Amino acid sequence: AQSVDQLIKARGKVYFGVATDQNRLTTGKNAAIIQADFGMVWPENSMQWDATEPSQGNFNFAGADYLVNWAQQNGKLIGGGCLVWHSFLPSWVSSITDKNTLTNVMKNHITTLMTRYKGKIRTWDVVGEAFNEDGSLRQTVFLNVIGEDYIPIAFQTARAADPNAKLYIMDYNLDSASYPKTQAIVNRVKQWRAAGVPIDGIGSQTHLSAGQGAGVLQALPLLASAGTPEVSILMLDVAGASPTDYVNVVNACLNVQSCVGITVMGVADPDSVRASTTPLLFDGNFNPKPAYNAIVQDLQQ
């Protein structure tokens, strides 16, 4: 059984990665599969805001430290995130109505996480899910209280905290070139970078239904046209796990020079949030599914 990470490196890419955390690494056969087959790990939950700063200035790094130490011992690259994401905010953040207060809170959260792991993290997802489906900016507490400047502020703060890390904006429903969100993230990233905002990458949080892989072949080149040094596929899963969809996503990555790699949402189907759709690359016995073998064969050829 061949390693997709090794094979994608042989094709000139950086990694094939996976999301995990302490719970997964101590159960099933997740650790053994990650050791063999994946070259980068991301914390699924242990670096989100609610996990790391459940009360203001009272940080909890136990789960994140476990992941980082496991990755270093096993020679894996590490991704971290998401530093600013409305979906994982504790209530103490959402209640803040004062611009200066919230700006300092946000800067402190960013700097504290990034400093702790300085030099050890390849990629940080700095801002997540900042766009509405129509391409307008999502009206989260950060937009409502700080305004549109919160995104530049987050990236400039992140660059200062660890200049080694590649800083990404991420979003979902960027899977079709003509979708309004895809157009808008491309346009705004172009503008931010032209003003000197340090956005190194766009990460596409790719949750596909059956048959949607084909559209990624056109959407990913469009995302790359924003001119960031890197793009990536993140959080990848596919309802039904058809080889056709998975191979299309891999081929999109191969066709886009700036696409550094792909991260899947987990290891085995039963641990998915949509397990009924069996959307991952390993089954409930931890055997590689037809889609895994198809990706291997595509990368070997």
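The first residue of the sequence shown is number 1, and the count goes up from there.
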Given 89 to 97 and 213 to 221, the range whose Cα B-factors average higher in the PDB entry: 89 to 97
Given 270 to 278 and 248 to 256, the range whose Cα B-factors average higher in the PDB entry: 270 to 278
Peak C-alpha temperature factor (PDB record), options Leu208, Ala71, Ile169, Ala161: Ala161
Identity of residue with top Cα B-factor, from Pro43, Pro243, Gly28, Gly39: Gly28
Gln22 by Cα B-factor - lowest, middle or highest third of the modelled chain: middle
Record-listed C-alpha B factor of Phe155: chain third: middle
Relative C-alpha B-factor of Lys13, binned into the chain's lowest, middle or highest third: middle
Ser178 - Cα temperature factor, lowest/middle/highest third of chain: highest
CA B-factor ranking of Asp200, expressed as a third of its chain: middle
